[PDB]
Amino acid sequence: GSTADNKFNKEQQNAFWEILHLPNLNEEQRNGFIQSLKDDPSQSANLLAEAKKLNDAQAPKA
C-alpha cells in the first residue's frame, strides 16, 4: 500500500494529539515532534516521552 501507513492505533495515535496539544510547549516544538514521529512510528515512544517531559519543565505556568 505504501510503507508503514503510520499504524498509529488508538494507543499510538494518542501521541499525536498530546503532541499537537502540548498546552505549554512551543507549538513549533510540537510540530517538530509530529514530523519526527510521523516519518518514524517506532519512535512514538521517544517523541511522545520527550515531548511529555519537555512540556512539563518548559511549561510556563508554575
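Values in this text are rule-based calculations from the coordinates and carry no lab data. Cβ: placed from backbone, ideal geometry, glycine included. Neighbour counts: every protein chain shown.
Can you tell me how many residues in the stretch 2-30 are in a helix (DSSP H, G or I) and more than 8 Å from the chain's Cα centre (by Cα)?
9
So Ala45 clears everything in (1) assigned to a helix (DSSP H, G or I); (2) surrounded by 16 or more Cβ atoms within 10 Å (Cβ to Cβ) except one condition, right? Which one?
For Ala45, the exception is condition (2).
Could you grab the pairs with beta carbons closer than 8 Å, sequence gap of 6+ or different chains, first residue in the stretch 11-25 and under 18 Å from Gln35 (Cβ atoms), second one in a helix (DSSP H, G or I) and among the basic types (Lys, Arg)?
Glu18/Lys52; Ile19/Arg30; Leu20/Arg30; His21/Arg30; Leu22/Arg30
Within the stretch 2-33, which residues are β-branched (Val, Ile, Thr) and out of contact with any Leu (no Cβ under 7 Å at 6 or more places or on another chain)?
Within the stretch 2-33, just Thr3 meets the criteria.
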